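To start, the structure under review is shown below, and the notes come after it.
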Amino acid sequence: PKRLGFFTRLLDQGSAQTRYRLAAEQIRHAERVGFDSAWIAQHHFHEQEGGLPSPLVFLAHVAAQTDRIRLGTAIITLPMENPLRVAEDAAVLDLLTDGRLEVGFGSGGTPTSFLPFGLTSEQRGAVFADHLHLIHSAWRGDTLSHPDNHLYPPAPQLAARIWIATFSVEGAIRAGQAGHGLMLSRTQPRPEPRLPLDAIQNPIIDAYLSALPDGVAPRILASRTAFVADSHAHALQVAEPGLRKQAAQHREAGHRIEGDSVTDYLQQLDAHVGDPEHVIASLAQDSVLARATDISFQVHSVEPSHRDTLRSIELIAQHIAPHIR
Amino acid sequence: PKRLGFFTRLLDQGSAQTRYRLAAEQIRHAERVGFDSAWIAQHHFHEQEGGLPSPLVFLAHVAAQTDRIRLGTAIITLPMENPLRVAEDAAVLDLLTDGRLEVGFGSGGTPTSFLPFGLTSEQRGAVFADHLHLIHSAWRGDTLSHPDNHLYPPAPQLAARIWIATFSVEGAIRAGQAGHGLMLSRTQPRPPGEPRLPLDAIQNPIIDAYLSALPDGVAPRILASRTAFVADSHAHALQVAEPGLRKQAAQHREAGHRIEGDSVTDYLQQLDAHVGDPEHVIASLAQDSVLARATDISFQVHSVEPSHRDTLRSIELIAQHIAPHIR
């Protein structure tokens, strides 16, 4: 029985205050139409990468506006953090949400964004592991550099709700060995530019599952791009600009893509765009979704209006969800 | 025209999740009875000192439950922070509150609490100044260790809402010189050999130095935080306070400071606790000459450990009976 999620990087058109108000309304609407979970991504210094450097602060605000929907980070860029303060903020936040928090961590990011935080991008893997260990130790209630110091508020329940974003078989084994959740990206570079995404991610799931300890339920988030509209032509119209932009970034990043057509972009950038009938059919071709415990949907790729996002949320809940829950 | 504030360290009896519920409800009630501002204190690792290590997270949550009341940190212990992440969280929070945020910073704290953050108490002042400088630069929009790094979201409006907590004339000069607000504490140790000196004799010289140091054109901002607990019955309020006040006296003595006597009256005078029914708390506040000079006055129960419902009534009585004297 799979959980359905709404994912946002907070990229709507407008000032940051407007982005935050539109994201909050989008999460509230997702809850209202029966989504199980909301996920928000952290991004620093770049209005076009994401609008939110402070996911724990924003989720505290949305928590007060919601009641049932679970609230998660996808992800906190842990190498770019003081890990003890993250531990405290998450410990407090989970209490304020009444147990709805999900803590997803990741290591990656734009190389120049690491510099303000006292490290380089080549150090991200080692720093991530150290920070994760510190956080786990704090939530467990170990002493913190002095026998008078223990984390307050306590958070023994939070270690069980850690998720790790990874792109690799090795990252998935480390997550599985620890009993953590696996977070799969909306898209990944190909080894063969036309390979389907499930050809890429099923080996990742395989390695994760084989590494779990006995007794740990698998947790697999499959995050996907979807933009659904009542008119199939409208959905393709909306997506064309954002998809061309995404294609240009993929090529400048050293990854080739065969073609210039929208249909070529939808396949190679893993964007499920159209009316409900067409989005159900493309999603059905992705065999990862049958293996995942949580499926999340984001417009990104696409830059729809706020109201078109509200409608996409509704259409996904009404027509998509029965096929994938 | 002075602003009236409600102040809490989040110390109600209960689990952390209950403390947060009760503090949120206390803040909403303060807004409801006409308080202008709410202030919350940051404390790490010690249930008895304060219940909240994450004031920016908690304020985002109560901001969604409130509408008019201003929301402030009193304080963020800046040496125990990654300063860029504070700069970011506060810039996001102010937008979430629609511009109601006040950002108070302080340096001090329990010495053992610094160690998990890679410094000692003795280093707190230098680290404070470095972190404050980084935050100020970030909010101004300067580049952050590289030309493609500027703070998002921008927060050019936040530098004008910085407050500094200090005990000393020198800290007050530094705050005034920068144009920051001055945050005065509910109590403070007396000069050597003068244990009965009134609190306004201590803090008035601090205000003098602050005001002399302000640049032209910067409006002074002075927060006077005070201990007050008000109840309908005078004896009930004194009954509630006595255990808390006794604990405070002993703590004050263990730290090496002088407390003359053991009576409640001695405690109320020397620990600066305004405790009683409205007529007696008004009369005792009217003796503190700082309150006429302050631009913001805040009231906390601490010292006292009242019930939540007694805290709600104290908030009501202050709004109804104390406020007209001091606004």
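These numbers come from the heavy atoms of this one structure, side chains and all, not from hydrogens, waters or symmetry mates. Letters A, B, ... mirror the listed sequences (proteins, then strands); counts begin at 1.
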Regarding [X] and [Y], is there a side-chain donor-to-acceptor distance under 3.5 Å anywhere?
X	Y	result
B:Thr227	B:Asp272	no
B:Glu81	B:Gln42	yes
B:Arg196	B:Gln269	yes
B:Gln188	B:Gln203	yes
B:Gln248	B:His302	no
B:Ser113	B:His44	no

Practice problem: Not counting sequence neighbours, list each pair that qualifies as a salt bridge (charged side-chain N to carboxylate O under 4.0 Å, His left out) and has a residue in residues 115-126 of chain B. | Solution: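 Found none.
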
Quick one: salt bridge (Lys or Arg N to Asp or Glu O under 4.0 Å) partners of [X], sequence neighbours excluded?
X	result
A:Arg161	A:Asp94
B:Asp296	none
B:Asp200	none

Would you give me the side-chain donor-acceptor pairs under 3.5 Å for residues 165-174 of chain B, sequence neighbours excluded?
unit_1	atom_1	unit_2	atom_2	d
B:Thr166	OG1	B:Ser168	N	3.1
B:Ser168	OG	B:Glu170	N	3.4
B:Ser168	OG	B:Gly171	N	2.9

Quiz item: Would you find more than 12 non-hydrogen atoms of other residues, nucleotides or ligands less than 6.0 Å from A:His133 atom NE2?
Solution: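 No, the 6.0 Å shell around NE2 holds no more than 12 heavy atoms from other groups.
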
Exercise. Please report the closest heavy-atom contact between B:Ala319 and B:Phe35, naming both atoms and the distance.
Key: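 Looking at all heavy atoms of both residues, the closest pair is CB-CE1, 4.0 Å.
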
With sequence neighbours left out, write down each residue that passes side chain to side chain contact (heavy atoms under 4.5 Å, CB included) with [X], or none if nothing qualifies.
X	result
B:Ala292	none
B:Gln239	B:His236
B:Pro156	B:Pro154
B:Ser314	B:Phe229, B:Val230, B:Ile318

Practice problem: Check the pair B:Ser284, B:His274 against side chain to side chain donor-acceptor pair (under 3.5 Å), reporting the backbone distance first and the verdict last. | Solution: CA-CA 6 Å; B:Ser284 95; B:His274 298 275; 2.4 Å; yes

Quiz prompt | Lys/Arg N to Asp/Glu carboxylate O, B:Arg313 vs B:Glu316, below 4.0 Å | solution =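 Result for this pair is yes, salt bridge flagged.
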
Identify every side-chain donor-acceptor pair in residues 134-142 of chain A under 3.5 Å, counting partners at least two apart or on other chains, and give the distances.
unit_1	atom_1	unit_2	atom_2	d
A:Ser137	OG	A:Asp142	OD2	2.6
A:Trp139	NE1	A:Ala87	O	3.0
A:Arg140	NE	A:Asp142	OD1	3.0
A:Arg140	NH2	A:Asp142	OD1	2.7
A:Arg140	NH2	A:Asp142	OD2	3.2

Practice problem: Not counting sequence neighbours, which residues clear side-chain hydrogen bond (donor to acceptor under 3.5 Å, both in side chains) with B:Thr110? List them please. | Solution: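 Testing B:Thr110 for side-chain hydrogen bond (donor to acceptor under 3.5 Å, both in side chains), a comparison that skips the adjacent residues, returns B:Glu49.
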
Quiz item: With sequence neighbours left out, what residues match B:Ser225 under side-chain hydrogen bond (donor to acceptor under 3.5 Å, both in side chains)?
Solution: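 Only B:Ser298 meet the side-chain hydrogen bond (donor to acceptor under 3.5 Å, both in side chains) criterion with B:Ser225.
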
Self-check item: Sub-4.5 Å side-chain heavy-atom contact between A:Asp67 and A:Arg100
Solution: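 Sidechains of A:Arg100 and A:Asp67: no contact.
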
Self-check item: B:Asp36 side, atom CG; B:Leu4 side, atom CG - distance, nearest 0.5 Å
Solution: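 Between B:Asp36 CG and B:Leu4 CG, I get 6.0 Å after rounding to 0.5 Å.
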
Quiz item: At what distance, to the nearest 0.5 angstrom, does CG of B:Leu182 lie from CH2 of B:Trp163?
Solution: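 So the CG of B:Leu182 and the CH2 of B:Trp163 are separated by 8.5 Å.
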
